[PDB]
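> this block holds the first chain(s) of the complex, placed as they are in the complex; more will follow:
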Amino acid sequence: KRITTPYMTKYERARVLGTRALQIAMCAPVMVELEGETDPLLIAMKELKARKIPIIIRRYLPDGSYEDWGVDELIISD
Amino acid sequence: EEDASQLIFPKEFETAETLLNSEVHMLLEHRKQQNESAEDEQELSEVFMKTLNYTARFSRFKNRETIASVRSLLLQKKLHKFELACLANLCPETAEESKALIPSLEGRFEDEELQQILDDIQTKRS
Amino acid sequence: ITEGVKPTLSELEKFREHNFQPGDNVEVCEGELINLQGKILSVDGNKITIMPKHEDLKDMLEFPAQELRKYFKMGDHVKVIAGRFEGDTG
């Protein structure tokens, strides 16, 4: 019974990319085959394109409730 | 102020679950049996060893069935939770003895009503 | 300087201390109100005017510094302030 928009806002996308890049920089298991790159930000972008980032966004609503979305669940904008 | 003699404990502990000597003994024994298996595991510590060799010397009935029966025949009364573990672990001889032991029993029940319980406990003992 | 001296009994001898910290327990030595333990809330010099909170008595009485005595039930944390083994706990 989720009513929030099914698209990924730019703010959420940017924050998720930065967070995944940081987790990767701290030596973490990737969720996609690396074609031959070492930039953690690029790896996070590739992971986003592949839809394999193990992160779910907890969007809060004005009342107080919150809806948990998944990078592989909601549609990506860019 | 915290004095079990007068039946009074903090709020977080009032809703606790009482444990018996044989009960904790079998729990730690099952834990050890589960931990020794499956190689590549952090072995037990001195606390577990001392607790084990401490609770093993006070197992009044190793049979979980006897533990269940004793707790069931004990819970049928109107005594508080604190009165279930102390008495179940002590197992005194006579009613006057048990009353001198726990000052709360002084005037709480009848001499024979407690003597019968003590005799039942001593008989259920292994 | 001659004004502003106010000597003490130590000076008189050469030429009583009350260490009642809060949170401690004290009884009533002498007086009709004997055998009444209470908690320390207020601290002052001579006329301490302690306001104990005895058991079975929600009210708060008053006693001087001489009508008091550090009492602790058998078995509890005890710290020494002034003593041979000062700074020890048992």
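Thanks, I have the structure now. Numbers count the residues shown, from 1 in each chain, chains lettered A, B, ... in the order given.
> residue farthest from the centroid of the chain?
Using chain A. residue A:63 (24.7 Å; Cα atoms, centre = their mean).
> hmm, I had chain B in mind actually
Outermost in chain B, Cα atoms, centre = their mean: residue B:40 at 34.5 Å.
> that residue: what secondary structure?
Here residue B:40 is coil, with the state taken from DSSP: H, G, I helix; E, B strand; the rest coil.
> in contact with the residue farthest from the centre of chain A, which residues?
By Cβ atoms under 8 Å, 6 or more residues apart in numbering or on different chains, no residues touch residue A:63. Using the backbone N, CA and C atoms, a C-beta is placed for each residue, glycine as well.
> pretty sure residue A:54 sits against residue A:31.
Yes - with contacts counted by Cβ atoms under 8 Å, residue A:54 reaches residue A:31, the gap being 6.3 Å.
> of these two, give the one with the bigger neighbour count.
Remark: of residue A:54 and residue A:31, residue A:31 carries more neighbours, 16 against 13, as counted by other Cβ atoms under 10 Å in any protein chain shown.
> pretty sure that one contacts residue A:53?
Yes - applying Cβ under 8 Å, one finds residue A:31 in contact with residue A:53, separated by 6.6 Å.
> shared neighbours, these two?
residue A:47.
> number of residues surrounding residue 28?
Reading this off chain A. 12.
> hm, I was asking about chain B
Neighbours around residue B:28, by other Cβ under 10 Å: 18.
> kindly report the same for residue A:20.
Counted with other Cβ under 10 Å, residue A:20 comes out at 24.
> give me the element it is part of.
helix A:10-25 (DSSP states H and E).
> for that helix, what is the distance to the chain centroid?
Centroid displacement of helix A:10-25 relative to its chain, using Cα atoms, centre = their mean, to the nearest Å, is 7 Å.
> just give the nearest non-adjacent residue to the residue positioned nearest the centre of chain C, would you?
Centroid-nearest residue in chain C, with Cα atoms, centre = their mean: residue C:20, separated by 4.0 Å. Spatial nearest neighbour of residue C:20, excluding adjacent residues (Cβ to Cβ, 6 or more residues apart in numbering or on different chains): residue C:40 at 5.5 Å.
> what's the spacing between the one you found and residue C:50?
6 Å (Cβ to Cβ, to the nearest Å).
> one more, chain D:
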Amino acid sequence: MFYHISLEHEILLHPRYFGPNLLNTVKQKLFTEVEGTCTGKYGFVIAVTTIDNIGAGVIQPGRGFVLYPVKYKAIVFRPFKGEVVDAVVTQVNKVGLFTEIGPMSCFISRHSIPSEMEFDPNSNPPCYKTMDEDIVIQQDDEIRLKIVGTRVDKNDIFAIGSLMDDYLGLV
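Time to bring in chain D:
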């Protein structure tokens, strides 16, 4: 006395532990953490019996550290004043009698012990004899005692007793 309650604890997990064994690592960390410790609120924890559920990890901002609030059903040993518990005498000395209250070790003093219990230091194993003997409280013997005072020395429990009774101890 030993009890069984449900406690909660938040633990951070470094991004390196991500993978298929994430839950396993959280449980392993909880075991290595809340086992044999002591807190002034709940007392000394022996071990953990089980874990109710693993909360939803909240990745922190600007920190790869994600914290999980896990609730675990564990046993705790927090002795209070007035309780009576069993123990085994560990040593007898002229300064007092030593025992072992499970994860705790008490100590009794001659002043509390009756006037009958004199000393025997010249023998190899010291022992308090109730003046006219009739009952031995030597090492490796089951003795009860009433906790008349408790104390926690920085995650270290040590209570105190007394003795001048006969029917919960050694008969």
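> again for the neighbour count of residue A:28, since chain D is there now?
The burial count for residue A:28: 19, using other Cβ under 10 Å.
> doesn't it lie inside a helix?
No - counting by three-state DSSP, residue A:28 is not part of a helix but coil.
> SS state for residue 53?
Using chain A. Per three-state DSSP, residue A:53 ends up coil.
> how close does it get to chain C?
Noted for residue A:53: a distance of 54 Å to chain C, by Cβ to the nearest Cβ, to the nearest Å.
> which residues touch that residue?
Residues near residue A:53 by Cβ under 8 Å, 6+ apart: A:16, A:20, A:31, A:44, A:47, A:71, A:72.
> buried ones from those residues, can you make that a ChimeraX selection?
One line in ChimeraX is enough to select the buried ones among these; burial here means 16 or more other Cβ atoms under 10 Å in any protein chain shown:
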select /A:16,20,31,44,47,71
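> check the contacts of residue A:53 against chain B, which are close?
With Cβ under 8 Å from any Cβ of the partner chain as the criterion, the contacts of residue A:53 include none near chain B.
> farthest-separated two in the contacts of residue A:53?
A:44 and A:72 (14.6 Å; Cβ to Cβ).
> how close does the nearest residue to residue C:17 once chain neighbours are set aside get to residue D:38?
Distance criterion Cβ to Cβ, 6+ apart; nearest residue to residue C:17, sequence neighbours excluded, is residue C:82 at 7.5 Å. Per Cβ to Cβ, residue C:82 is found 31 Å from residue D:38.
> give me the more crowded residue out of those two.
A direct count of neighbours by other Cβ under 10 Å for residue C:82 and residue D:38 places residue D:38 higher, at 19 against 7.
> thought the more buried one was touching residue D:158?
No - taking contacts as Cβ under 8 Å, residue D:38 lies outside contact range of residue D:158: 11.4 Å.
> now for the two: what residues contact both?
Contacts common to residue D:38 and residue D:158, judged by Cβ under 8 Å, 6+ apart, are residue D:152.
> centre-most residue in chain B?
residue B:20 (2.7 Å).
> three-state assignment of the closest residue in space to that residue that isn't next to it in sequence?
What sits nearest to residue B:20 in space, not counting adjacent residues and going by Cβ to Cβ, 6+ apart, is residue B:88, at 5.3 Å. For residue B:88, the assignment made with three-state DSSP gives helix.
> now do residue C:13
helix.
> drop chain E onto that structure:
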Amino acid sequence: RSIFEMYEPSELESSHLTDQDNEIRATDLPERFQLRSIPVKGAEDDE
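If we add chain E to the chains shown above, we get the following:
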């Protein structure tokens, strides 16, 4: 007011002023015999 109510017990016992110290100074017999844990009583030839 007595000096014991003022001075600290540590300093009092360091200065030796308690009733026990007065007894040790007043009573005869060597100080090391009075301070021994067990008293030093007499003894007949049989013992």
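> can you check the neighbour count of residue A:28 again with chain E included?
19.
> quick one, phi/psi of it?
Note on residue A:28: its backbone torsions stand at phi -140, psi 150 [degrees, to the nearest 10].
> repeat for residue A:48
phi -60, psi -50.
> that one contacts residue A:17, correct?
Yes - contact criterion Cβ under 8 Å: residue A:48 and residue A:17 qualify, at 6.3 Å.
> can you pull out the strands in chain E?
Using DSSP state E, no strands are found in chain E.
> give me the nearest residue to the residue in it positioned nearest to chain B, chain neighbours excluded.
The minimum distance from chain E to chain B, using Cβ to the nearest Cβ, falls at residue E:9 (30.2 Å). With sequence-adjacent residues excluded and distances taken as Cβ to Cβ, 6+ apart, residue E:9 is closest to residue C:83, at 4.9 Å.
> check which helix or strand covers the one you found.
Applying DSSP H and E, one finds residue C:83 in no helix or strand.
> count of neighbours near it?
Around residue C:83 there are 13 residues (other Cβ under 10 Å).
> show me what contacts it?
With Cβ under 8 Å, 6+ apart, residue C:83 has these contacts: E:8, E:9, E:10.
> would JSON lines of those with neighbour count be doable?
Below are the contacts of residue C:83 laid out as JSON lines (neighbours: other Cβ atoms under 10 Å in any protein chain shown):
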{"residue": "E:8", "neighbour count": "15"}
{"residue": "E:9", "neighbour count": "15"}
{"residue": "E:10", "neighbour count": "14"}
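> what is the neighbour count of residue 14?
In the absence of a named chain, this looks at chain A. 11.
> my question was about chain E, not that one.
Neighbours of residue E:14 (other Cβ under 10 Å): 11.
> for residue 75, name its beta-bridge partners.
No chain specified, so I'll use chain A. residue A:7 (DSSP bridges).
> the chain in question should be chain D.
residue D:4.
> who's in contact with it?
B:19, B:24, B:27, D:2, D:3, D:4, D:5, D:45, D:46, D:47, D:48, D:49.
> the second one touches residue B:54, doesn't it?
No - the pair formed by residue B:24 and residue B:54 falls short of the contact definition of Cβ under 8 Å, at 9.3 Å.
> those two: which is more packed in?
It is residue B:24, of residue B:24 and residue B:54, that has more neighbours when counted by other Cβ under 10 Å, with 24 against 21.
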